[PDB]
Amino acid sequence: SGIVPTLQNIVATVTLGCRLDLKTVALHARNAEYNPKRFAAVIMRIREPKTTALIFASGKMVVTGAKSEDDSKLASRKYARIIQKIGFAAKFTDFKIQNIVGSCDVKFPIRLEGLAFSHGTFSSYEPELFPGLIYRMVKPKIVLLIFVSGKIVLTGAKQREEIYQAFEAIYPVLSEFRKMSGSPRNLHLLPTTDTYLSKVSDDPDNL
DNA sequence: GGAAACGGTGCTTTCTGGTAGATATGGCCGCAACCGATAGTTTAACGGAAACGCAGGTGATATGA
């Protein structure tokens with residue numbers, strides 16, 4: 001419970017309001033990869049923040065590799081500004097984080113068979129083609145990947161607090177699977193997602 | 001006190017020609033029936049559309065293979 005989870009990847013999307021010519025967009029970006037022989041879209045990485053991004057002719061975009069809530073909106077706004085420099089209106093709309101990926105380490109090894117046998121209502125553990133166990137948390141809804149080393153991965157979340165709540169909910173379970181710190185201090189010590197996102201310009205006129 | 005002689009004409013009769021219905025035979029016209037044919041199901045079984053499931057353009061957390 002003392003080893004607070006770290007975010008590894010935040011993935012988001014934004015609507016542009018207007019349908020646009022993706023070939024025209026592909027002409028001016030300083031990083032771009034695109035070939036209709038394999039896929040009909042441009043892959044578009046940037047230096048700072050270190051995000052990858054994607055654009056669709058229908059007037060929608062996706063952003064990946066964000067380290068913070070801030071990076072997600074700030075990168076999306078900078079990609080939209082590049083499209084506004086180009087011959088399109090690109091009205092920044094529908095900003096959302098569809099998935100969050102985080103990880104933590106309890107520093108003790110886990111008997112995945114014991115976890116799967118006792119919590120089989122939520123746990124799945126297939127024959128060992130892959131070494132890690134998977135867990136389906138239903139309230140709040142989170143997917144957790146459990147490894148024998150004590151390393152843990154969390155995904156399927158969209159709100160920051162639920163990743164820390166899911167870790168805190170399974171830490172007592174993991175701690176029971178032991179043989180021969182445990183205090184969270186608070187459920188969420190850091191500021192909320194909204195108090196982070198509000199540092200970035202929200203108004204679409206603030207290009 | 002009446003019946004027998006027989007003149008009146010009222011009432012009736014067949015010989016016939018009229019009125020006119022009848023039908024054996026005949027020739028058109030069209031109804032009753034058959035073998036015929038066109039259209040009908042819904043399924044052998046697989047040709048079809050809509051209905052159906054996995055990939056690929058990033059990324060990449062674990063620790064084994």
# chains A, B, ... in the order shown; residues from 1 in each chain; ligands from 1
$ interface_residues --of "chain A" --to "chain B" --cutoff "9 Å" --atoms "only C-alpha atoms (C1' of nucleotides)" --output "number ranges by chain"
A: 8, 33-35, 38-43, 52-54, 64-65, 101-103, 130-132, 145-149, 151-154
$ select_by_dssp --residues "segment 28-171 of chain A" --states "strand (DSSP E or B)" --output "JSON, numbers by chain"
{"A": [33, 34, 35, 39, 40, 41, 42, 43, 52, 53, 54, 55, 56, 60, 61, 62, 63, 64, 65, 66, 93, 94, 95, 96, 97, 98, 99, 100, 101, 102, 103, 104, 105, 123, 124, 133, 134, 135, 136, 137, 138, 141, 142, 143, 144, 145, 146, 151, 152, 153, 154, 155, 156, 157]}
$ residues_around --residues "residue 182 of chain A" --least-positions-apart "5" --cutoff "10 Å" --atoms "only C-alpha atoms (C1' of nucleotides)" --output "VMD selection string"
chain A and resid 1 to 3 106 168 171 to 172 175
$ residues_around --residues "residue 204 of chain A" --least-positions-apart "2" --cutoff "7 Å" --atoms "only C-alpha atoms (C1' of nucleotides)" --output "PyMOL selection string"
chain A and resi 91-92+202+206-207
$ atom_distance --atom1 "atom CA of residue 110 of chain A" --atom2 "atom CA of residue 133 of chain A"
10.1 Å
$ decode --residues "segment 163-181 of chain A" --atoms "N, CA, C and O atoms" --output "PDB file, in the first residue's frame"
ATOM      1  N   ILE A 163      -7.271   3.861 -10.171  1.00  0.00           N
ATOM      2  CA  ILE A 163      -6.043   3.050 -10.304  1.00  0.00           C
ATOM      3  C   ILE A 163      -5.445   2.820  -8.904  1.00  0.00           C
ATOM      4  O   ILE A 163      -5.095   1.696  -8.542  1.00  0.00           O
ATOM      5  N   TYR A 164      -5.369   3.867  -8.077  1.00  0.00           N
ATOM      6  CA  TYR A 164      -4.833   3.764  -6.713  1.00  0.00           C
ATOM      7  C   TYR A 164      -5.797   2.970  -5.817  1.00  0.00           C
ATOM      8  O   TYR A 164      -5.348   2.162  -5.004  1.00  0.00           O
ATOM      9  N   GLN A 165      -7.115   3.138  -5.985  1.00  0.00           N
ATOM     10  CA  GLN A 165      -8.102   2.353  -5.239  1.00  0.00           C
ATOM     11  C   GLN A 165      -8.005   0.862  -5.592  1.00  0.00           C
ATOM     12  O   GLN A 165      -8.085   0.028  -4.696  1.00  0.00           O
ATOM     13  N   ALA A 166      -7.802   0.505  -6.866  1.00  0.00           N
ATOM     14  CA  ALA A 166      -7.684  -0.894  -7.274  1.00  0.00           C
ATOM     15  C   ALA A 166      -6.436  -1.545  -6.652  1.00  0.00           C
ATOM     16  O   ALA A 166      -6.513  -2.650  -6.114  1.00  0.00           O
ATOM     17  N   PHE A 167      -5.292  -0.853  -6.677  1.00  0.00           N
ATOM     18  CA  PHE A 167      -4.066  -1.343  -6.040  1.00  0.00           C
ATOM     19  C   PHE A 167      -4.302  -1.558  -4.533  1.00  0.00           C
ATOM     20  O   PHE A 167      -4.028  -2.632  -4.000  1.00  0.00           O
ATOM     21  N   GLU A 168      -4.873  -0.559  -3.853  1.00  0.00           N
ATOM     22  CA  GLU A 168      -5.187  -0.638  -2.423  1.00  0.00           C
ATOM     23  C   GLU A 168      -6.207  -1.743  -2.107  1.00  0.00           C
ATOM     24  O   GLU A 168      -6.158  -2.337  -1.033  1.00  0.00           O
ATOM     25  N   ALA A 169      -7.132  -2.040  -3.023  1.00  0.00           N
ATOM     26  CA  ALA A 169      -8.121  -3.096  -2.850  1.00  0.00           C
ATOM     27  C   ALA A 169      -7.476  -4.492  -2.942  1.00  0.00           C
ATOM     28  O   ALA A 169      -7.849  -5.379  -2.170  1.00  0.00           O
ATOM     29  N   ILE A 170      -6.523  -4.713  -3.862  1.00  0.00           N
ATOM     30  CA  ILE A 170      -5.844  -6.014  -3.999  1.00  0.00           C
ATOM     31  C   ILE A 170      -4.624  -6.189  -3.081  1.00  0.00           C
ATOM     32  O   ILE A 170      -4.258  -7.330  -2.809  1.00  0.00           O
ATOM     33  N   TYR A 171      -3.998  -5.125  -2.561  1.00  0.00           N
ATOM     34  CA  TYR A 171      -2.812  -5.270  -1.700  1.00  0.00           C
ATOM     35  C   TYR A 171      -3.050  -6.212  -0.494  1.00  0.00           C
ATOM     36  O   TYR A 171      -2.195  -7.069  -0.246  1.00  0.00           O
ATOM     37  N   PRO A 172      -4.190  -6.149   0.233  1.00  0.00           N
ATOM     38  CA  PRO A 172      -4.476  -7.084   1.321  1.00  0.00           C
ATOM     39  C   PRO A 172      -4.566  -8.536   0.820  1.00  0.00           C
ATOM     40  O   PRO A 172      -4.104  -9.452   1.498  1.00  0.00           O
ATOM     41  N   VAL A 173      -5.123  -8.748  -0.381  1.00  0.00           N
ATOM     42  CA  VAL A 173      -5.244 -10.077  -1.005  1.00  0.00           C
ATOM     43  C   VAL A 173      -3.853 -10.625  -1.318  1.00  0.00           C
ATOM     44  O   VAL A 173      -3.517 -11.724  -0.885  1.00  0.00           O
ATOM     45  N   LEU A 174      -3.016  -9.841  -2.006  1.00  0.00           N
ATOM     46  CA  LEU A 174      -1.643 -10.235  -2.335  1.00  0.00           C
ATOM     47  C   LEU A 174      -0.862 -10.564  -1.055  1.00  0.00           C
ATOM     48  O   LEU A 174      -0.190 -11.590  -0.981  1.00  0.00           O
ATOM     49  N   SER A 175      -1.006  -9.728  -0.021  1.00  0.00           N
ATOM     50  CA  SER A 175      -0.333  -9.893   1.271  1.00  0.00           C
ATOM     51  C   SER A 175      -0.726 -11.175   2.014  1.00  0.00           C
ATOM     52  O   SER A 175       0.023 -11.623   2.880  1.00  0.00           O
ATOM     53  N   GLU A 176      -1.884 -11.773   1.718  1.00  0.00           N
ATOM     54  CA  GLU A 176      -2.311 -13.026   2.352  1.00  0.00           C
ATOM     55  C   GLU A 176      -1.514 -14.209   1.761  1.00  0.00           C
ATOM     56  O   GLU A 176      -1.172 -15.150   2.478  1.00  0.00           O
ATOM     57  N   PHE A 177      -1.163 -14.134   0.470  1.00  0.00           N
ATOM     58  CA  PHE A 177      -0.369 -15.128  -0.263  1.00  0.00           C
ATOM     59  C   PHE A 177       1.140 -14.995   0.035  1.00  0.00           C
ATOM     60  O   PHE A 177       1.964 -14.887  -0.875  1.00  0.00           O
ATOM     61  N   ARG A 178       1.510 -15.005   1.323  1.00  0.00           N
ATOM     62  CA  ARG A 178       2.889 -14.889   1.834  1.00  0.00           C
ATOM     63  C   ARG A 178       3.237 -16.032   2.798  1.00  0.00           C
ATOM     64  O   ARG A 178       2.349 -16.663   3.377  1.00  0.00           O
ATOM     65  N   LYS A 179       4.538 -16.277   2.974  1.00  0.00           N
ATOM     66  CA  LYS A 179       5.123 -17.352   3.798  1.00  0.00           C
ATOM     67  C   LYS A 179       6.404 -16.896   4.508  1.00  0.00           C
ATOM     68  O   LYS A 179       7.072 -15.968   4.049  1.00  0.00           O
ATOM     69  N   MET A 180       6.751 -17.561   5.608  1.00  0.00           N
ATOM     70  CA  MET A 180       7.939 -17.283   6.431  1.00  0.00           C
ATOM     71  C   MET A 180       8.597 -18.583   6.914  1.00  0.00           C
ATOM     72  O   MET A 180       7.917 -19.553   7.268  1.00  0.00           O
ATOM     73  N   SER A 181       5.953  -0.379   2.808  1.00  0.00           N
ATOM     74  CA  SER A 181       5.149  -0.603   4.017  1.00  0.00           C
ATOM     75  C   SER A 181       3.671  -0.861   3.686  1.00  0.00           C
ATOM     76  O   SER A 181       3.174  -0.457   2.635  1.00  0.00           O
TER      77      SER A 181
END
